[PDB]
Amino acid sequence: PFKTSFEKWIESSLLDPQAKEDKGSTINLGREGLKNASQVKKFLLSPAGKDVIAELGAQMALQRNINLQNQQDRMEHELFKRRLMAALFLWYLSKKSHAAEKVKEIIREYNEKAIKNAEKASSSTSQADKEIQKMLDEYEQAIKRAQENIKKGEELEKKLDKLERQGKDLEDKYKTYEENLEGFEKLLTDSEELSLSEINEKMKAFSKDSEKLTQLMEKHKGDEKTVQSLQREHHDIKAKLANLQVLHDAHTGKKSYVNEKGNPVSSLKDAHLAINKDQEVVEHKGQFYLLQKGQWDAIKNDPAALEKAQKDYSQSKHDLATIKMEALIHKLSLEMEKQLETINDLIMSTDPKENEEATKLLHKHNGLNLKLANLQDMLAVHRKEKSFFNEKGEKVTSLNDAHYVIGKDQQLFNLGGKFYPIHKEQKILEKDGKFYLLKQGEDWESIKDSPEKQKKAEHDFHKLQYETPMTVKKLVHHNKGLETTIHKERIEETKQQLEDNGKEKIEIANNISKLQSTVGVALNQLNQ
């Protein structure tokens, strides 16, 4: 996992199984009982208001401390600890070439002073205790500043590593999304088409749904509004089954794909109509007619039959486009369900390695969801259920010129210079800073005495934000802009704080450097 600079320094320089003592660049604090990097770190972050005698594992600490039998031993030991802490911080902060031997000298000096203490014990010490106390008090502010700096430093570095990973995941998220925003025409050329087996599988599933709805209509018998809604869904399925049946028929030869001219084509992608064997297409003076095979002479002088054959041709072309779009929807839905089963498995795994695989699969899956949503929009506009509008709210013909897509009974209401997707029957009222979605004809006078109507109207207005009627491509583009802008602000702040943190090290190291030289001299004079 992620290591901070401070942690990397501890492992590389302070806990080195290789030594030298001679002019080295590393030390091994395992020789002072410090076992691991976390323990070394804890030692370096020792609190100010208590002696440092609990920096080792508890058993080892008590083992070592039994030797600190008096005031002198305790005072000299604490001076050793603070002096050692200071040298190591100076090492990390300033990275001077001879920092390792500085540390070795401090350890060496303490040890032999402890030896000389014992030799003489084989007499007055109170003033030396007080002199050491002044040095500890002088170490207090200097070390604490270094500790605070390193703690802020580590926090910032971990924050930046987190942000950096998010930024990379952010870029890949939108790169995946954008690969899913092609138009209908292009989705076709790279459509791996819905196979006969998949067509049979969809027709079978829709048949099960239909029977379930039929049974439900029997349960809810008499409840007309429930039944009417159920009939609506059953009718919708019946139309989709009819569309799949055309594809089925074209595969079996019961129907045939033809181009604009009525000439046979092999692929659905080249088809403009799917016709029966008793039908044919005639082009006449630039106009196209779909008629009963062989009946041209019987209709060519009959304007009514000519109009009907022309209507039938246009309807047939229109229906096949509807069939193609639903077929792509079915195929993409199949692929999505397949992807989701893989994802759901991984996200629920008790193994985090599998949990992390799901991340990139989610982007692909969500991207697929967006391709599907776009296609549903294209199909709705195709079937005249919805229309496209540009940025100024003008109705446009092409998805490429569109910014919005809304239902035929919807409008783009212009309020604050902002467009709201509401019913043609509705409007928005502004009163005292508040906003109410109401019917036309309604006004403040009609709701001013009704808290529940005001609450509901205001509630209905704020729910509109979840119904952003932009095209999928516009949705992705604007969301990319927001997430990217906000992400960069966070990166900029963290990086800047990190810069501040680095710059503060200089005065902190200087304050320590001055102390170390002073203490070393004052230690020499208390002696050996």
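So that there is no doubt, residue numbering starts at 1 and follows the sequence shown.
Per the record, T350 and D351 follow each other directly, and no deposited residue is missing between them. Two stretches are in play, 371 to 379 and 444 to 452, and the higher mean C-alpha B-factor belongs to 444 to 452. Two stretches are in play, 359 to 367 and 161 to 169, and the higher mean C-alpha B-factor belongs to 359 to 367. Looking only at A205, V282, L244, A142, the residue with the top Cα B factor in the deposited structure is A142.
Take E155, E385, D345, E391 and read off each C-alpha B-factor from the entry; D345 has the highest. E483: CA B factor lies in the lowest third for its chain, per the PDB record.
Ranked by Cα temperature factor within the chain, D312 sits in the lowest third according to the deposited record. Sort the chain's modelled residues by C-alpha temperature factor and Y174 lands in the lowest third, per the entry.
Among all modelled residues in this chain, the alpha-carbon of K495 has a temperature factor (C-alpha) in the lowest third.
Ranked within its chain, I329 lands in the lowest third, by CA B factor from the PDB record.
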